[PDB]
Structures are given as C-alpha cells and as structure tokens.
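Just one chain is shown here, as structure tokens, and it is the form deposited in one PDB entry.
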C-alpha cells in the first residue's frame, strides 16, 4: 500500500545517500566495490556510459558519503585554477597504473535512452497482436529503475546548493519523471520547496524576504548562478525568471538529463499524484498513453518547444478522460476519488479542494475488459468525431460539458476553478489532430492485418506510427 508520497520520500532518502563515480579506463568492478564497501554497506549500484564509464553508488548510510569525502582530495594537478566546491561527484583513477593484478572482465551498462522510432517499427511488426505491440513500446520506452535513481540524484544534487541558506529546502521531481508516464530521455522537472524558558525571549537574527514571486526570482537566480559557476557539469544554464512561473533550465552532464527548476507549485504536484494513481490502477492506462504520445510526436501534433501545439500533458488528460468514459469506466472520476478520501488525505490549496485518495486498495478494481486493440482505435474514433466547438472535457465529473470560455480545445483543469489547460491550442492545430485521428482510425478499421504481415509491410500500431 505504497502511496505516491511514500514512494517519493524513500526515493529521495536513497538518492540522499548516493554518489557518482567516473571510473578508470580499465575498470575492475569487484575491486572498486570491495574498496568502496570499506566506507559503508552498499544497497545498490550500477554503471552507465556517458563520455566514459560512470557508476551510481547507493550507500545504506548517509555517513558513508562523509566517510568517502573525507579521503577525497582536490585535484592538486589543477590546484588554484578550480572552484573548490565539493559535492558527490568523484573521479577515480589507479594510484599505480602498472599494478593491474586480476582478469579484466566487462561491466554491465544500464541504458539511459530508448531505441529510436525507426528501430522500434520492425520489432512491432514481428509482434502477434496490437496489445503486444503497445506493451513492447511501453517496455522499450518506460523509465528503468536505474534511470529513476539517477533522476532523483540529480534533484538531490541541486538541493545541496539550496540548503546552504535554506537548510530545510527540498528539490523534488514532478511530472513525467514521477507520474508513471515518463519515457527515457525526458526532462527532469524539479520543484524547489524552501520554507516548509528563561526570563528572555531569545530569537535568531535573520534577513527578511520580499513578496513570494520576487523572492522566488532571487533564490532561483542565485542557485542558477551556482550551478553554472560552482558546478560541476551544469551547462546551458538559462535563467527564465520572468515567465508566469519563474524557471531555470539547465543541462546536467554527469546524469545526461536536461532539467527545469521552478519553485513549488502544489497544484502541479497533485496532478502528478493523480496521474500516478491512474497509471498504477491498470497497465492499459500506461500502455495507451505511451503509444498515443509516440503517435502524436510522429505526426508532429506535439513539439518539444511550447506553442499552438497540444502538450503531452493535455494529450494525457484527454486520454484519461477517454478512459473515464468507458462502459464500464477503466478509471474513476476525480470526484469518485475525492469521495473515498479520509481526513488524512484532505488537501485544500488556493481556495479549491484538491483532495483525493492516496491508498490504491480503497478503489474498486475496474470490471472493464476491453483490449487495447479496441481502446486504441476507439480513442481515435472517439475524438475523431468529438464536438470540440460545443463540448469541453471535465475529468472531475467524467462528462462532456459546456465551455466556460470560447477556446477551441477546452480541458477543465481539475484543481482550479476556471482554467483551460489547452488554452494555448488554436484551431489550425486542433483540426490537424482530428484529421490525423480520423485517418489513424480509418487505417486501423479497414486494414488487412494478416496480409500486411505476409507482405512484410507495417500494421496495427506500426501503421499509425509511420507518417502519412
């Protein structure tokens, strides 16, 4: 019965006691771990390729990090010419390169990126059914245990800067990184949450802060500067402080992730939890999202830069809606969750009741037995013939409703009164989605699967994951 909030805490606690070691060219796995173990017990570890062999070490005790740091030196080779900020990024070399005294064995490399689309298409064609195809993609794309540990670590490193002056700060991931829908190679979205008996009243002297937004801008501005200059391995630091939600984008060389740092927004975190739930409730949920996400990227309906396009988040929200409207529903409405919540799970933010259940056992498993074969096609059919001018998507009620605005695509932000999450989406783009969906359905409906396999040509999911 592991709640999102539970899982997050354990993950953070583990990344908290983890480090990164750039390995020697000729690496002896055993001698390394044997050595390191001297500083403390090791719960987990793995190796990955990134401009050389790096290795993530997760000690059982946080004290092991101090222990290891205690015997780590500053590069005297390059001595006064560096910024002497110490963190958990280490570089190991052999004292005596000519004292190599055991058999060189290779090391297992955990992959941190997924295969390209073109490499995937063949594998999909050799599958049996569509269900299989979708589940292949899912597996080939989803985040690995190692990848996750690596994401949480990246957050943990960024935190360490914040604590300098807000000891109680936390850097926590949200979005795809933690909501079960993360594909390999995605960005790590980080939220900085910073504040959280004599005859005398004795008090610390402490410098006052400005307004929420103005302080936010300054804290991020300074952290940004530190990432850049105390580093190491932070590049393309981009201070985008003036947006609706102040932001620092940056590229982290050691973990390979590009990242987005912003100050805690508890509305966005509740989304990520809600999506965490849905994803956990049924594998069909995840399967669909991943495939339809890929579909969208393939047909240029989505884009890595913001704009008039649909965002994966909105698209994900549309999919959740779709799954709410099954007979019977595959996932419950948000209100159905709110009803099952106890006082423990009561959260009310910015006026609006963002309450819903945390324990998954409280929810009744779905009776629905639809295969993905159907759900994939039905999705295209459903939205292909959806009346976007007359209707909007409400995930609280799980019903089509009247539009409180005159935007082309309106999706009810579930944790705000009166907010369109697809407000950015224009008519031209929406129309292309509908076209692409209607083409996609038509193909799936009127295609000869058995005969396409025989011809070696694409079919099912593959037929809609190639451009038209």
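Numbering follows the first chain given and starts at 1. The term rigid core refers to the most C-alpha atoms you can superpose between the two forms while keeping them within 1.5 Å.
Keep in mind that the form deposited in another entry is missing from the display, and what follows is about it.
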| query | finding |
| --- | --- |
| Moved residue between this form and the one not shown - picked from 339, 79, 119, 145, where its Cα shifts 2 angstroms or more relative to the rigid core | 79 |
| Residue 387: Cα shift of 2 Å or greater between this form and the one not shown (core-aligned) | no |
| Did residue 202 shift 2 Å or more between this form and the one not shown, C-alpha, core superposed | yes |
| Post core alignment: residue 104 C-alpha displaced by 2 Å or more between this form and the one not shown | yes |
| In the other form, whether the C-alpha atoms of residue 216 and residue 204 sit closer or farther than here (change of 3 Å or more) | closer |
| In the other form, shift in Cα separation for residue 17 relative to residue 79, 3 Å or more | farther |
